[PDB]
Protein chains: 4
Amino acid sequence: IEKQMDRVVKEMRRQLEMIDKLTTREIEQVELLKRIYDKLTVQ
Amino acid sequence: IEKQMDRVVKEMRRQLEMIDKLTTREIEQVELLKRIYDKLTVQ
Amino acid sequence: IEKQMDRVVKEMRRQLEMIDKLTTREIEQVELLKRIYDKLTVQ
Amino acid sequence: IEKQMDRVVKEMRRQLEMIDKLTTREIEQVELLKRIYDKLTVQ
Ligand SMILES: [Ca+2]
């Protein structure tokens, strides 16, 4: 089962890269949302 | 392969923690989007 | 290793529930974004 | 447990496919947010 075990490890590494993408894009999104909100509110 | 299995388990819980934080931040985005929409809706 | 194998399966089931949440929240977000965009554009 | 291992592998790739589609949709959100911001920025 060491072959399948290796597949699992490779999939997890692939999953991580995807989670990192989601994590960084989320940050950009919320930061943009806050700016948009500010453009529509009294300052 | 008990060493590998164990590693998979650790990594999974680590990535689940990242996905968890991600779901919480998405909730902030949805809430912020609703506030933006209201600022654009005749009240 | 059947014990650790079971932990893996349980973590994956937990991961799925989280991915479903992200998936549905994303839909709500984009739908709201499109509406907001429409409120700011010629119609 | 080769049956379980195999199952884990299948499920992982299935969930990775869902995360994959998720990352693509986030890109649409970021792009849509930039367009909304510009509609609010003196051009
Ligand atoms: Ca989002």
Side-chain angles (χ1 to χ4, degrees), chain A residues 1-2 4-5 7-9 11-13 15-16 18-20 22-36, chain B residues 1-2 4-6 8-9 11-20 22-33, chain C residues 1-2 4-5 7-9 11-13 15-16 18-20 22-34, chain D residues 1-2 4-6 8-9 11-20 22-37:
Chain A
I1 46 189
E2 58 84 20
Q4 294 84 208
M5 186 63 56
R7 284 165 188 164
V8 177
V9 176
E11 296 309 313
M12 289 299 285
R13 178 153 61 70
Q15 177 172 289
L16 184 56
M18 299 184 67
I19 291 171
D20 285 336
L22 250 34
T23 293
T24 58
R25 285 175 186 162
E26 186 288 312
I27 288 174
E28 291 307 304
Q29 303 181 341
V30 74
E31 289 310 307
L32 267 160
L33 285 173
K34 290 170 177 170
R35 278 193 278 149
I36 288 168
Chain B
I1 48 162
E2 60 78 30
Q4 287 45 70
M5 275 278 80
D6 205 64
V8 161
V9 177
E11 185 56 16
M12 283 188 69
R13 290 174 178 168
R14 197 176 73 81
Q15 291 187 26
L16 285 176
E17 190 175 81
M18 300 172 71
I19 295 180
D20 182 76
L22 201 53
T23 59
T24 290
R25 290 179 70 72
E26 294 307 323
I27 290 171
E28 281 290 303
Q29 279 180 37
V30 62
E31 284 294 299
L32 184 52
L33 288 164
Chain C
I1 46 189
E2 58 84 20
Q4 294 84 208
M5 186 63 56
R7 284 165 188 164
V8 177
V9 176
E11 296 309 313
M12 289 299 285
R13 178 153 61 70
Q15 177 172 289
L16 184 56
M18 299 184 67
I19 291 171
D20 285 336
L22 250 34
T23 293
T24 58
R25 285 175 186 162
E26 186 288 312
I27 288 174
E28 291 307 304
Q29 303 181 341
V30 74
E31 289 310 307
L32 267 160
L33 285 173
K34 290 170 177 170
Chain D
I1 48 162
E2 60 78 30
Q4 287 45 70
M5 275 278 80
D6 205 64
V8 161
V9 177
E11 185 56 16
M12 283 188 69
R13 290 174 178 168
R14 197 176 73 81
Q15 291 187 26
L16 285 176
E17 190 175 81
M18 300 172 71
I19 295 180
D20 182 76
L22 201 53
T23 59
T24 290
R25 290 179 70 72
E26 294 307 323
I27 290 171
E28 281 290 303
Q29 279 180 37
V30 62
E31 284 294 299
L32 184 52
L33 288 164
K34 301 179 173 187
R35 294 201 288 284
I36 291 169
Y37 186 70

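Chain identifiers are assigned alphabetically (A, B, ...) following the order of the sequence lines, protein sequences preceding nucleic acid strands; residue numbering begins at 1 within each chain. For the numbers below, each heavy atom of this structure counts, side chains included, while hydrogens, waters and symmetry mates do not.
- In summary, B:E11 and B:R14 engage in a salt bridge, as defined by a charged side-chain N under 4.0 Å from a carboxylate O.
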Can you check side-chain contact (heavy atoms from CB on, under 4.5 Å) on B:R25 and A:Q29, steps first, answer last?
-> CA-CA 10 Å; B:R25 290 179 70 72; A:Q29 303 181 341; over 6 Å; no

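- One finds a salt bridge joining C:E31 and C:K34 here, because a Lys/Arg side-chain nitrogen approaches an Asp/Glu carboxylate oxygen to under 4.0 Å.
- C:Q15 has its side chain within reach of A:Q15: a pair of non-hydrogen atoms, C-beta onward, lies under 4.5 Å apart.
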Taking it one step at a time, do B:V8 and B:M5 satisfy side-chain contact (heavy atoms from CB on, under 4.5 Å)?
-> CA-CA 5 Å; B:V8 161; B:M5 275 278 80; 4.3 Å; yes

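- Between the side chains of C:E2 and D:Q4, no donor N or O sits under 3.5 Å from an acceptor N or O.
- Separating the OG1 atom in C:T23 from the CD atom in B:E26 is a distance of 10.5 Å, to the nearest 0.5 Å.
- In this structure, CG in D:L16 is found 8.5 Å from CE in A:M12, a value given to the nearest 0.5 Å.
- With values rounded to the nearest 0.5 angstrom, C:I19 atom CD1 is found 12.0 Å from C:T24 atom OG1.
- Separation of atoms CD1 (C:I1) and CG (B:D6) is listed at 11.5 Å; rounding is to 0.5 Å.
- Shown here are the salt bridge (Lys or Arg N to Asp or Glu O under 4.0 Å) partners of B:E28, two or more places apart in sequence or in another chain: there are none.
- Between D:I36 and C:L33, the closest heavy-atom pair is CD1-O, 3.7 Å.
- Residues C:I27 and C:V30 approach most closely at O-CG1, 3.2 Å, considering heavy atoms.
- A:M18 is not listed as a side-chain neighbour of D:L22, based on a closest heavy-atom distance of 4.5 Å or more.
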